[PDB]
Structures are given as structure tokens and as C-alpha cells.
Amino acid sequence: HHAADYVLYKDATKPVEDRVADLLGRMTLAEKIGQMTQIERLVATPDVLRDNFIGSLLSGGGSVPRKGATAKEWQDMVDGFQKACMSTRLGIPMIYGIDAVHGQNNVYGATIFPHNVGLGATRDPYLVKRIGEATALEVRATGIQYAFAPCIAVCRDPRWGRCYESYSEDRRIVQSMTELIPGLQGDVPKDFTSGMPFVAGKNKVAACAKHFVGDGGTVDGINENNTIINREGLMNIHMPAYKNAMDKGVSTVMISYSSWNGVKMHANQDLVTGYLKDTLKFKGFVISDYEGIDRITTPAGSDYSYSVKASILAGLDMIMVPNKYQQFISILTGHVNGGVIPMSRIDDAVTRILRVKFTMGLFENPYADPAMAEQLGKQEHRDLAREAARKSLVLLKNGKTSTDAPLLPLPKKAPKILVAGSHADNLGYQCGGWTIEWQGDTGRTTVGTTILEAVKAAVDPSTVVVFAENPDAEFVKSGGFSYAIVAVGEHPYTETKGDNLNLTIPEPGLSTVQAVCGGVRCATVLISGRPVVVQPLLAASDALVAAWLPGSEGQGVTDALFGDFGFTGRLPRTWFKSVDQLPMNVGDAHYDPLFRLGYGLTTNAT
Ligand SMILES: *[C@@H]1O[C@H](CO)[C@@H](O)[C@H](O)[C@H]1NC(C)=O
Ligand SMILES: *[C@@H]1O[C@H](CO)[C@@H](O)[C@H](O)[C@H]1NC(C)=O
Ligand SMILES: OC[C@H]1O[C@H](O)[C@H](O)[C@@H](O)[C@@H]1O
Ligand SMILES: OC[C@H]1O[C@H](O)[C@H](O)[C@@H](O)[C@@H]1O
Numbered sequence: 009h010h011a012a013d014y015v016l017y018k019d020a021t022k023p024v025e026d027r028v029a030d031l032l033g034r035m036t037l038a039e040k041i042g043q044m045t046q047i048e049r050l051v052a053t054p055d056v057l058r059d060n061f062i063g064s065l066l067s068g069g070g071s072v073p074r075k076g077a078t079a080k081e082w083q084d085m086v087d088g089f090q091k092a093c094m095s096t097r098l099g100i101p102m103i104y105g106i107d108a109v110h111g112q113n114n115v116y117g118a119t120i121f122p123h124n125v126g127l128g129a130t131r132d133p134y135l136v137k138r139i140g141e142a143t144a145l146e147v148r149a150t151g152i153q154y155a156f157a158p159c160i161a162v163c164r165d166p167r168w169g170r171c172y173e174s175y176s177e178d179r180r181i182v183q184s185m186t187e188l189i190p191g192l193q194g195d196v197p198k199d200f201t202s203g204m205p206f207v208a209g210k211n212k213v214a215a216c217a218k219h220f221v222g223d224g225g226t227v228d229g230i231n232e233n234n235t236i237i238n239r240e241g242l243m244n245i246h247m248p249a250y251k252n253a254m255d256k257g258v259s260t261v262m263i264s265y266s267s268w269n270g271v272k273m274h275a276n277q278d279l280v281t282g283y284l285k286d287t288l289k290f291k292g293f294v295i296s297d298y299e300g301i302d303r304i305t306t307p308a309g310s311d312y313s314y315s316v317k318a319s320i321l322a323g324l325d326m327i328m329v330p331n332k333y334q335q336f337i338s339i340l341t342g343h344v345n346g347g348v349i350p351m352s353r354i355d356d357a358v359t360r361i362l363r364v365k366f367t368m369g370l371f372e373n374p375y376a377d378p379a380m381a382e383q384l385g386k387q388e389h390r391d392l393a394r395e396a397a398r399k400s401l402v403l404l405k406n407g408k409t410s411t412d413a414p415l416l417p418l419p420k421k422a423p424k425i426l427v428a429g430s431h432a433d434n435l436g437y438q439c440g441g442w443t444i445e446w447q448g449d450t451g452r453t454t455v456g457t458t459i460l461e462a463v464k465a466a467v468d469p470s471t472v473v474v475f476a477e478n479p480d481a482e483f484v485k486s487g488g489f490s491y492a493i494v495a496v497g498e499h500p501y502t503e504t505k506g507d508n509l510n511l512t513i514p515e516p517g518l519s520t521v522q523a524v525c526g527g528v529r530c531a532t533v534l535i536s537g538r539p540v541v542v543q544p545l546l547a548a549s550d551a552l553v554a555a556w557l558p559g560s561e562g563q564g565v566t567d568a569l570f571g572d573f574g575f576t577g578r579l580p581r582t583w584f585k586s587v588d589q590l591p592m593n594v595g596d597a598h599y600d601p602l603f604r605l606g607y608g609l610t611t612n613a614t
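For the sequence shown, our numbering gives the first residue as 9, with consecutive numbering after it.
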């Protein structure tokens, strides 16, 4: 269609499938393998990206251009990588991915939303959708076009260090929370064919249903381990939300490190190709986890050549290498030149990657929009996060005995009150893993409001607020307090670091609760990524609130504690009596919960 030098793949008015076929037909083998290669920004340089025809970059947890970097620093980093990719012969823009799993959580100043488990407590899919919307804007504020979210694992055992990333042990709740997808990506068209990728354009991002499949069903919740269960159980529990993701046009799927009945997911052709691609009709791209193909073997990386062959023949399209890109490209190249991996497999992988890039508009807007910088940490997104945090809270107890005055809601006006505990004034603890650092961190890591600051922000100006992290019972008994708010719980963790057979909160925790509650009527705010052993906290406490990992906006906690809103959350998981009951999920014959899934007390606004 006219102009000197016309190249159909560069024509924005053409259909995606023609632009894909047109571009695919021009590419060398090296250009093709390039597209299949995702590398860490930590190893990337303009020359590396140009010379290896690289298709994708990522930031892993904690991989930032620097500490405290502004939105525009992120945009400059991404645009600098992108300019190297656009200067290739074919000018194929790279796509940059990051774990924005509760907001754009690696970035200083980004709104941090509650983690998934707390979101499942809300039973509010429209809320999760609005969060996907906000998170897409804060990701695009940093120039990034691709979020590795949602995690739609169905965590069947909270001893797993990723239970907090699962909305529920019940797949129906997880299915309903796949509304994150159209939030991140935009709503699919009226027509839409299930399994096609969709992103609306430059204010949205490609999403990633992960980790396929059965990540939440491992033996003893051991991370990355073996999910021992029949096809019918896999399809009834772990698969269904992937079908909802197909219907919402999810752009990519990431494969799990985990195994199904002893078969590595990264080497499972029947599931990845037979099921995901040929039965669900997924037409987006399939991406490995981080060094996921290495972990196919034991030890990991001990036959990288087999890892490439296995993963690529299984049906994976893009490999999150992410460091050893030279080996990866050299080996896949040798497999193809040797006729061990057919060119049809390479072409299918590249078709899929290009299909997502054209569809999302990446060829038309390869570069960041500087005007989006101000979306980062935007007050309206914080207000949404605050609404979420509040809705995620589950009131487990409100009065020590059924005859006591309900402690909650607390009055805003009182002569003097006490805020206490390891988690009452620690932003990093309230956000948990995947915040600033991969494992999360302690202290004031970003912009946010702690529980202490929120209480000071909410109380009547005549109310005196005292903070004491770990006071003794005498300090409390002597202080003239009307009541105390005490926050304790788990420390931030992520992945295998959080696998935990005992599920008891660290000390001091319990002993601060007991010291405070023994001296004044107390409301205990428990911060955790999962149910933990809770009977001793309960026995000590007048009221107790499971606040999960509510994120950066601690005013969500106080909004409920002080009665601006009534408590509405309900447990999205079973609260066990003991870890030796585990696993124990709603619907088991088995079933003897301390609090059943769905449990939750309410209050009225004041
Ligand atoms: C499961 O965990 C044990 C270590 O606790 C390990 O020996 C085993 O290989 C793991 N299985 C898989 C499939 O990852
Ligand atoms: C909640 O609201 C209703 C009034 O509509 C009332 O009956 C109930 O006592 C209120 N208070 C509490 C603490 O439930
Ligand atoms: O899978 C392991 C890796 O994934 C994460 O995203 C991190 O950035 C890296 O530190 C960690 O080792
Ligand atoms: O950081 C990139 C990836 O690495 C991690 O190890 C996780 O398993 C995955 O969920 C994440 O998207």
C-alpha cells in the first residue's frame, strides 16, 4: 500500500496475522532464536541486545537501575534498551517484563496493594479488576509493558512459601479473581475468540497467568516440588482458572517449576502443547520460569543441552534464561542446525511472540510515554489500595467471651492509647515479599503509611498516642491507656524461603501480645501471608484481626479498627487447628477447622 520501501509488517493498518507472517518470513535463524530469548537487565547492554536480536528483557525481584530510582529513570533505562533493539535490521521491539504482583512492587514509591490472599478475602472481583487497572498504569509509568501476573495458583497447603500469592484454596474464588486480567490488559472485544492474546494498547500491559500448572498442590507445600494428584483432580482444582484466563485473552502463560506426578512441567509436552495450546487453544506465548529449564535436571543446569531440547520440544516459546544467554542461543541454534528441533517449532514460538507484540501495539509504541510518569504512586491508586486493605481484613474475634463488650470499633477520642508490636511501625513487614526486594525487607523501604502512622492520622487531636514496640506488662498496666492496638506476625518471605512446616509467628510476637493484653484491653492485628498457629494469640486478645499483607496503605487497617467502615472480609482459606491436620481444605471428608473457609465477623460503621 504505497510509499517507497514498504514493508507490510511495519504497516499499522494491517491485520496482526499478516504482520506476523510477513515479519516471520524475513527472519534469519539467529533473529528467530533472539525473539525466543529473555535476559535479565543485569546482563544486558546495547550491543548484546543488538548483536543477539534479543526479544525480551526482565527485571527479576530487586533488579532495579538503582535504589530509589524515579519513574523517569526507569523509562530511560527501558528506552535505552529499546533503542538498541529498534536499531536491528528488522527493528523488532523488545518487550520488558517484571513481577508487578501487588502493584509495581519493585519500584520505589509505587503503590503497594494487598497480596492475593487478602484480596481473596474481599470476595470482590471488581475491586481486583480496578487494581489490575491501576497496576497497569503504574507499570507503564516506568516504561514497562509486561507484568508477570496473575498468579492463579490454588494453594492447597499453607506451609507453601507462596500461599500469599494465591487468592484461595478454593478454585472458584481464584476463577473469580482472574478479573485482574482485563484490568491489566483491557477488556477483550465483543467478538473475541477464547485463547487469543489481547492487550488494548499503550496504557495497558500484557499479563501472565502463572504458574502452569498445579504450583499450589505440592506435597507438604514444598515449593517447586511434586504435585501428586490424578488428571481429574488436576482439572477440577488446578486447571479451571486457566480456562477463565483464556476467555479473558491473557497474553502469556508462565510454566511452573513444579512437577505433576513426577513429570517436570517445563518438559511436559502433553500439558503445554497437548492441553494448553491444542485443547484450550492458547494463541499467546508460553514463557519459562526463571532458570526453569535448568531445573528440569538434578542438579539444576547439569545438562543444559537436554534442558533446551526438552523445554523447546515441550512447547515453550520464550525462555527466561536469563543470564547465560550465549549458551542458550548457541545450543538452540545447534539443535536446529542439527535437525533435532524442527523449524516448524521455532516458527510456532516466534509466531506467538510476535502475535502478542503486534496485538499490544508494541511496534507502534516501542518507547515509554513520559507523561505516564505521574501515574506512579498516584493518590487515587493509594486510595484504592486503602479500600482493598480494609476489605481484605478478616475479624476473627471481637470480645474475649460472648458476653463482653465488643472492642471494635474503637473510639477516635480517648485520653490515651497504646500502639505496640514489631509490625505496628514497619512498612516492609506490612508489605511482605515482592516488595522493593525480592524477599521483601524490613523498615521504611518505600512510600507508605504504617499502622502507627495511620492511627496518628485517624485519631481525634486530643487523643495521645504512645508507641512502644515490645513493652513489658508493667509499662502497660501503669500507662493509663484506654486501649491498645498491637500488631505482630510473619516476616517478609518469598518462594522457598517461606516454606514452613511449623507456621508459628516469630517471637517476640506472642509475648508482646500477652504483655499488652494483660495490662489493657487490646486489639491484635495479625500480619501474615497465610493462616498461622493462632490459639494463643486468640486466648490473649480481646479482638483479633487477620490483616494478611495489606501493603503500603496502612490506613485501610484503621479505617476498620475505628469504624469508618464495617469489617466485611471472609477467610479465603481454612484456618487449621494444628499443622498436623495439613493438608485440610474446604470440602474434604477429613474437615476439622478452627475457622472454616468463609468465616468472618462483621461490625457496623460508626
Ligand atoms: C521434592 O522435595 C525433595 C526435597 O525435600 C526432593 O528430594 C525432591 O526431588 C523434590 N521433588 C521434585 C519433583 O522437585
Ligand atoms: C448494626 O446495625 C443494625 C441497625 O441496622 C443494628 O440492629 C445492630 O445492632 C448494629 N450494631 C451492631 C454492633 O451490629
Ligand atoms: O528464581 C530465583 C530468582 O528470581 C527472582 O526474581 C530474583 O530476582 C533472583 O534474585 C532470584 O534468584
Ligand atoms: O522474577 C521472575 C520470576 O522468578 C521467580 O523465581 C518466580 O517463580 C516467578 O513467579 C517470577 O515471575
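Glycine included, C-beta positions come from ideal geometry on N, C-alpha and C.
Counted as a single uninterrupted DSSP element, the beta strand (DSSP E) harbouring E48 occupies residues 45-48. Per DSSP, the beta bridge partners of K405 are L552.
Nearest to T260 by alpha-carbon distance, out of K332, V56, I103, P378, is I103. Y437: member of the alpha helix (DSSP H) spanning 435-439, first to last residue. Relative to ligand 3, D449 has its C-beta separated by 8 Å or more from all heavy atoms.
Taking one beta carbon from each stretch, the region 26-45 and the region 326-341 have 3 or more pairs nearer than 8 Å; the two touch. Under DSSP, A214 shares a beta bridge with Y154.
Within the same chain, Cβ atoms closer than 6 Å to the Cβ of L511 are found at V540, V541, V587, the five residues on either side in sequence being excluded. Counting the other Cβ atoms within 10 Å of the Cβ of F200 gives fewer than 16, which makes it exposed. Under the DSSP assignment, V136 falls in the alpha helix (DSSP H) whose first and last residues are 133-148.
Bridge pairing for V494: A428, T532 [DSSP].
Taking a C-beta distance under 9 Å as the contact criterion, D377 and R148 qualify as a contact pair. Distances between the C-beta of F156 and the heavy atoms of ligand 4 include at least one below 8 Å.
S202: not part of any alpha helix (DSSP H); DSSP gives it neither H nor E.
Its Cα nearest to that of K421, the residue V467 stands out among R529, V467, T458. With 6 Å as the limit, the residues whose C-beta approaches a heavy atom of ligand 3 more closely than that are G68, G69, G70, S71, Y298, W446, in chain order. In this chain, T359 is not harboured by any beta strand (DSSP E); it is covered by the alpha helix (DSSP H) spanning 351-367.
Measuring C-alpha to C-alpha distances from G191 to each of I354, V348, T143 identifies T143 as the nearest. Going by C-alpha positions, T411 is about 21 Å away from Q522.
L602 places its beta carbon less than 9 Å from that of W583.
In this structure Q383 is buried. Its beta-carbon is surrounded by 16 or more other beta-carbon atoms within 10 angstroms.
Going by DSSP, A476 is part of the beta strand (DSSP E) stretching over 472-476.
Residues of the same chain with a CB within less than 7 Å of the CB of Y312, apart from the 5 flanking positions on each side, are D302, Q335, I339 in chain order.
Judged by DSSP in its simplified three-state form, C159 adopts strand.
Between ligand 1 and the CB of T443, the shortest heavy atom gap is not smaller than 8 Å. When C-alpha distances from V484 are compared across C525, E388, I444, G385, the shortest belongs to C525. In this structure, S266 has its beta carbon less than 8 Å from a heavy atom of ligand 1. The Cβ neighbour count for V162, taken over all protein chains shown within 10 Å, is at least 16; the residue is labelled buried. Judged by their CB atoms, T186 and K272 are not nearer to each other than the 9 Å cut-off. One thing to note: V24 has its Cβ within 9 Å of the Cβ of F366. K91 sits in a helix when the DSSP states are folded into three classes. Residue pairing for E187: DSSP places it in no beta bridge. Distances between the C-beta of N276 and the heavy atoms of ligand 2 are all 8 Å or more. The three-state reading of DSSP puts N124 in helix, counting H, G and I together. Taken atom to atom, the span from the alpha-carbon of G229 to that of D507 is near 7 Å. Assignment of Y116 by DSSP, reduced to helix, strand and coil, places it in the coil class.
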